[PDB]
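Engineer: So here's data14.cif (mmCIF, C-alpha atoms and all ligand atoms).
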data_target
#
loop_
_atom_site.label_atom_id
_atom_site.label_comp_id
_atom_site.auth_asym_id
_atom_site.auth_seq_id
_atom_site.Cartn_x
_atom_site.Cartn_y
_atom_site.Cartn_z
CA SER A 42 5.22 15.25 -17.25
CA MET A 43 2.40 12.71 -17.24
CA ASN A 44 1.70 10.28 -14.43
CA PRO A 45 3.05 6.79 -15.00
CA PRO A 46 0.44 4.11 -15.46
CA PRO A 47 -0.60 2.64 -12.12
CA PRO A 48 0.80 -0.68 -10.84
CA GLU A 49 -0.68 -3.81 -12.38
CA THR A 50 -3.54 -5.21 -10.23
CA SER A 51 -4.30 -8.42 -12.13
CA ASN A 52 -2.43 -10.91 -14.25
CA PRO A 53 -4.07 -14.01 -15.69
CA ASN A 54 -0.65 -15.54 -16.39
CA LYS A 55 0.08 -16.04 -12.67
CA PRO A 56 -1.28 -18.98 -10.72
CA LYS A 57 -3.75 -17.92 -8.01
CA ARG A 58 -4.69 -19.16 -4.55
CA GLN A 59 -6.42 -18.07 -1.40
CA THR A 60 -4.70 -18.58 1.95
CA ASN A 61 -5.79 -17.67 5.46
CA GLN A 62 -2.86 -15.22 5.66
CA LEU A 63 -3.89 -13.44 2.44
CA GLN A 64 -7.46 -13.41 3.65
CA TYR A 65 -6.25 -11.86 6.91
CA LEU A 66 -4.22 -9.30 4.99
CA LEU A 67 -7.42 -8.12 3.26
CA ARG A 68 -10.05 -8.51 5.98
CA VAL A 69 -7.97 -7.30 8.94
CA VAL A 70 -4.75 -5.53 7.92
CA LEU A 71 -5.94 -3.57 4.88
CA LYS A 72 -9.35 -2.93 6.44
CA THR A 73 -7.84 -1.57 9.62
CA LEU A 74 -5.39 0.72 7.88
CA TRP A 75 -7.97 1.84 5.33
CA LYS A 76 -10.37 3.22 7.91
CA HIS A 77 -7.61 5.05 9.83
CA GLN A 78 -7.82 8.88 10.03
CA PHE A 79 -4.52 9.20 8.16
CA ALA A 80 -5.19 6.59 5.47
CA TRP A 81 -6.45 9.00 2.81
CA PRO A 82 -3.15 10.06 1.21
CA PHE A 83 -2.33 6.36 0.80
CA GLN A 84 -5.64 5.10 -0.64
CA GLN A 85 -4.66 5.73 -4.27
CA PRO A 86 -1.59 6.22 -6.45
CA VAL A 87 0.13 9.59 -6.17
CA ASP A 88 -1.36 11.83 -8.87
CA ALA A 89 1.75 13.90 -9.46
CA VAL A 90 -0.01 15.88 -12.21
CA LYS A 91 -2.87 16.96 -9.92
CA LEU A 92 -0.46 17.70 -7.06
CA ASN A 93 1.93 19.45 -9.46
CA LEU A 94 4.91 17.40 -8.32
CA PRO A 95 7.10 16.76 -11.37
CA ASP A 96 9.97 15.42 -9.20
CA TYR A 97 7.89 12.67 -7.48
CA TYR A 98 8.23 9.98 -10.19
CA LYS A 99 11.75 11.17 -11.01
CA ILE A 100 12.75 9.67 -7.63
CA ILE A 101 9.97 7.15 -6.78
CA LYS A 102 10.41 4.36 -9.30
CA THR A 103 8.53 1.70 -7.32
CA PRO A 104 5.28 3.48 -6.45
CA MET A 105 2.77 1.65 -4.30
CA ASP A 106 -0.46 2.57 -2.51
CA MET A 107 -3.24 0.82 -0.55
CA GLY A 108 -5.70 1.17 -3.41
CA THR A 109 -3.43 -0.95 -5.53
CA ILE A 110 -2.84 -3.41 -2.68
CA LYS A 111 -6.57 -3.79 -2.06
CA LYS A 112 -7.20 -4.54 -5.74
CA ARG A 113 -4.29 -6.97 -5.83
CA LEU A 114 -5.76 -8.83 -2.86
CA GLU A 115 -9.24 -8.78 -4.39
CA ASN A 116 -7.79 -10.13 -7.65
CA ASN A 117 -5.64 -12.86 -6.04
CA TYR A 118 -2.58 -11.19 -7.47
CA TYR A 119 -0.40 -12.47 -4.66
CA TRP A 120 0.58 -16.09 -4.09
CA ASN A 121 2.57 -15.45 -0.85
CA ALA A 122 1.62 -13.14 2.08
CA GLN A 123 5.12 -11.76 1.95
CA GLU A 124 4.49 -10.27 -1.50
CA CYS A 125 1.67 -8.20 -0.05
CA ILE A 126 3.65 -7.25 3.05
CA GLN A 127 6.44 -6.06 0.72
CA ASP A 128 3.96 -3.78 -1.08
CA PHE A 129 2.93 -2.13 2.20
CA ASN A 130 6.56 -1.64 3.14
CA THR A 131 7.36 -0.18 -0.26
CA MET A 132 4.53 2.32 0.24
CA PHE A 133 5.91 3.39 3.59
CA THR A 134 9.49 3.50 2.36
CA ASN A 135 8.51 5.66 -0.64
CA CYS A 136 7.00 8.18 1.71
CA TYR A 137 10.18 8.22 3.83
CA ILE A 138 12.32 8.73 0.71
CA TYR A 139 10.47 11.66 -0.83
CA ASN A 140 9.48 13.51 2.35
CA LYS A 141 11.57 15.06 5.12
CA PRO A 142 11.49 13.17 8.46
CA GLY A 143 8.93 14.83 10.74
CA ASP A 144 6.82 16.25 7.88
CA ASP A 145 3.06 15.92 8.21
CA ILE A 146 2.79 13.08 5.72
CA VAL A 147 5.65 11.20 7.37
CA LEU A 148 3.99 11.35 10.78
CA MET A 149 0.82 10.03 9.08
CA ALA A 150 2.68 7.16 7.44
CA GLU A 151 4.40 6.31 10.72
CA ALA A 152 1.04 6.01 12.49
CA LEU A 153 -0.20 3.62 9.81
CA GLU A 154 3.04 1.61 9.87
CA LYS A 155 2.76 1.13 13.62
CA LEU A 156 -0.76 -0.24 13.23
CA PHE A 157 0.40 -2.31 10.26
CA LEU A 158 3.20 -3.92 12.26
CA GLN A 159 0.82 -4.65 15.13
CA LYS A 160 -1.59 -6.51 12.83
CA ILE A 161 1.22 -8.37 11.09
CA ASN A 162 2.48 -9.58 14.47
CA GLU A 163 -0.96 -11.19 14.77
CA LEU A 164 -0.78 -12.93 11.36
CA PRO A 165 -2.38 -16.42 11.49
CA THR A 166 -0.45 -19.60 10.82
CA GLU A 167 0.67 -20.91 7.40
CA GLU A 168 -2.26 -23.19 6.51
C1 LIG B 201 3.23 12.97 -2.92
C2 LIG B 201 4.18 13.34 -1.83
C3 LIG B 201 3.57 13.08 -0.49
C4 LIG B 201 3.39 11.58 -0.35
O1 LIG B 201 4.36 10.98 -0.14
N1 LIG B 201 2.18 11.07 -0.53
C5 LIG B 201 1.99 9.67 -0.33
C6 LIG B 201 1.05 11.83 -0.81
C7 LIG B 201 -0.19 11.33 -1.20
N2 LIG B 201 -1.22 12.10 -1.39
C8 LIG B 201 -1.13 13.41 -1.21
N3 LIG B 201 -2.18 14.17 -1.40
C9 LIG B 201 -3.43 13.86 -1.71
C10 LIG B 201 -4.03 12.61 -1.76
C11 LIG B 201 -5.35 12.47 -2.10
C12 LIG B 201 -6.14 13.55 -2.39
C13 LIG B 201 -7.59 13.40 -2.76
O2 LIG B 201 -8.11 14.26 -3.47
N4 LIG B 201 -8.25 12.35 -2.26
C14 LIG B 201 -9.63 12.16 -2.61
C15 LIG B 201 -9.70 10.99 -3.60
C16 LIG B 201 -11.10 10.71 -4.00
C17 LIG B 201 -11.92 10.44 -2.74
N5 LIG B 201 -13.15 9.62 -2.93
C18 LIG B 201 -14.31 9.91 -2.10
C19 LIG B 201 -15.45 8.89 -2.26
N6 LIG B 201 -15.55 8.39 -3.64
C20 LIG B 201 -16.58 7.36 -3.95
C21 LIG B 201 -17.35 6.83 -2.78
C22 LIG B 201 -18.55 7.67 -2.54
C23 LIG B 201 -18.71 6.35 -3.25
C24 LIG B 201 -14.29 7.98 -4.18
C25 LIG B 201 -13.48 9.24 -4.29
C26 LIG B 201 -12.00 11.71 -1.86
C27 LIG B 201 -10.57 11.99 -1.43
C28 LIG B 201 -5.58 14.81 -2.35
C29 LIG B 201 -4.29 15.00 -2.00
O3 LIG B 201 -3.70 16.20 -1.92
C30 LIG B 201 -4.37 17.39 -2.20
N7 LIG B 201 0.03 14.00 -0.85
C31 LIG B 201 1.13 13.31 -0.68
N8 LIG B 201 2.35 13.85 -0.26
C32 LIG B 201 2.71 15.27 -0.36
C33 LIG B 201 2.02 16.20 -1.32
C34 LIG B 201 3.22 15.82 0.95
#
So that I can check it, write out the structure of this file as structure tokens.
Structural biologist:
Amino acid sequence: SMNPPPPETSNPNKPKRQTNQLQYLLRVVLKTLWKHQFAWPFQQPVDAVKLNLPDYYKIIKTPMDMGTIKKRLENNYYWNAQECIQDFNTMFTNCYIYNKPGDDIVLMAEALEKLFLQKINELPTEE
């Protein structure tokens, strides 16, 4: 099996805007997670071919990763902060679907999610 194409990161047929929440999501949330020790498995789409995991995309039908999220933010792909937050949560949830609780990768994801939730609790105000 091939990899699927990666998630779309730009779309000129969607209106675009910058908001202080979206800016915060890039400059604080993404930045903070990205530089974490355990960020690396989540910085790009899962290359199931390289990892020789033919079952990964048989079960994960909404893949998501921070590389994609970062590009989406950089390309003003999101109109609402909640769209971006949903992408992070999808990424975490995917990990908790494919992998056994307590596995290495799950502990890693959990560490990131804790930091994620901490930064989101500090999200600035709408406008
Ligand atoms: C899939 C199931 C499960 C799961 O749920 N997730 C999310 C998951 C995700 N990922 C992995 N693995 C890997 C991930 C990544 C790599 C990599 O090579 N990463 C490299 C990417 C290129 C990097 N860079 C360095 C600087 N370059 C340019 C800068 C200098 C200018 C840019 C290029 C260096 C690091 C290797 C992996 O494994 C060998 N496993 C996963 N697991 C399991 C297998 C448990």
Engineer: How would you write, as a VMD selection string, the set of residues no farther than 10 Å from ligand LIG 201 (chain B) when counting all atoms listed in the file?
Structural biologist: chain A and resid 80 to 89 91 to 94 96 to 98 101 104 to 106 132 to 141 144 to 147 149 to 150
Engineer: Closest to residue 45 of chain A among A:121, A:59, A:103, A:78, using all atoms listed in the file?
Structural biologist: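 The answer is A:103, which sits nearest to residue 45 of chain A.
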Engineer: Quick one: of A:155, A:68, A:112, A:160, who's nearest to residue 51 of chain A, counting all atoms listed in the file?
Structural biologist: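 Selected residue with least distance to residue 51 of chain A: A:112.
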Engineer: Quick one: distance from atom CA of residue 122 of chain A to atom CA of residue 63 of chain A in Å, one decimal?
Structural biologist: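 Between these atoms lies a distance of 5.5 Å.
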Engineer: Just to confirm, what's the straight-line distance from atom CA of residue 156 of chain A to atom CA of residue 57 of chain A in Å (one decimal)?
Structural biologist: 27.8 Å
Engineer: Taking 3 positions as the minimum chain separation for residues in the same chain, which residues sit within 10 Å of residue 50 of chain A when counting only C-alpha atoms? Answer as a list in words.
Structural biologist: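 Listed by chain and then number, they are residues 47, 108, 109, 110, 111, 112, 113, 114, 115, 116, 117, 118 and 119 of chain A.
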Engineer: Enter the distance from atom CA of residue 130 of chain A to atom CA of residue 164 of chain A, in Å, rounded to one decimal.
Structural biologist: 15.8 Å
Engineer: Go through A:123, A:99, A:107, A:148 one by one, measure the shortest atom-to-atom distance of each to residue 42 of chain A using all atoms listed in the file, and give the residue with the smallest value.
Structural biologist: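 Of A:123, A:99, A:107, A:148, the one nearest residue 42 of chain A, counting all atoms listed in the file, is A:99.
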Engineer: Using all atoms of segment 62-81 of chain A that appear in the file, construct an axis-aligned enclosing box with 4 Å of padding on every side and provide its centre coordinates and edge lengths in Å, rounded to one decimal, as JSON.
Structural biologist:
{"center_x": -6.6, "center_y": -3.0, "center_z": 6.2, "size_x": 15.5, "size_y": 32.4, "size_z": 15.6}
Engineer: List as a PyMOL selection string the residues having at least one atom at most 12 Å from position (-1.8, -21.0, 11.6) as given in the file, counting all atoms listed in the file.
Structural biologist: chain A and resi 60-62+65+163-168
Engineer: Name the closest residue to residue 161 of chain A among the candidates A:73, A:131, A:44, A:54; distances are taken between atoms, counting all atoms listed in the file.
Structural biologist: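 That would be A:73, the residue with the smallest distance to residue 161 of chain A.
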